[PDB]
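Everything on this sheet refers to the single structure shown next.
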Amino acid sequence: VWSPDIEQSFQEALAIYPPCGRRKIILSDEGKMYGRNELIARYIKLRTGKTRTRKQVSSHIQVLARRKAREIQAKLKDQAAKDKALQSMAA
DNA sequence: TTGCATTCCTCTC
DNA sequence: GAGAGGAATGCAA
């Protein structure tokens, strides 16, 4: 589903299409309405050839955000317990 | 526990 | 109403 090749081009898309600000929507000269994940999905097909839904992309963007949000706090908790012990014991 | 999908929300048009 | 991104849920493994 997120095979190394599809994953590669997805990582490529992330570098190609920078993250959006508050404005999430843009119109082409023909009037078709565009989002970042839609472009990302589009770029996948361009390089991979495979089909990845606009929503499949959004799901992936989410889980990567989840992970990094964990890895940072799991570090802020792995030491918060070591700090708590030394303090609770120093009492 | 979490990587997937799927709904819910709120924006532009 | 159409269609979008992103947060909320839903859901096996």
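Every residue, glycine as well, gets a Cβ built from its backbone with ideal geometry; the counts of neighbours run over all protein chains shown. Read the figures in this text as sums done on the coordinates, not as results from a lab.
If we scan segment A:17-40, do we find a residue that is more than 12 Å from DNA strand C (Cβ to nearest atom) and surrounded by 10 or more Cβ atoms within 10 Å (Cβ to Cβ)?
No - not one qualifying residue is present in segment A:17-40.
Kindly list, by first and then second residue, each pair from a residue in segment A:24-37 that is under 20 Å from A:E12 (Cα atoms) to a residue that is among the β-branched types (V, I, T), limited to pairs with Cβ atoms under 8 Å and residues at least 6 apart or on different chains.
Cβ pairs passing all conditions: A:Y34/A:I25; A:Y34/A:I26; A:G35/A:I25; A:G35/A:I26; A:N37/A:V57; A:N37/A:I61.
Select from segment A:29-58 the residues that are touching a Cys at 6+ places or on another chain (Cβ under 9 Å) and within 16 Å of A:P4 (Cα to Cα) and list them in ascending order.
none
Collect the residues in segment A:41-91 that are among the aliphatic types (A, V, I, L, M) and within 11 Å of DNA strand C (Cβ to nearest atom), keeping them in residue-number order.
Within segment A:41-91, A:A41, A:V57, A:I61, A:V63, A:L64, A:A65, A:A69 meet the criteria.
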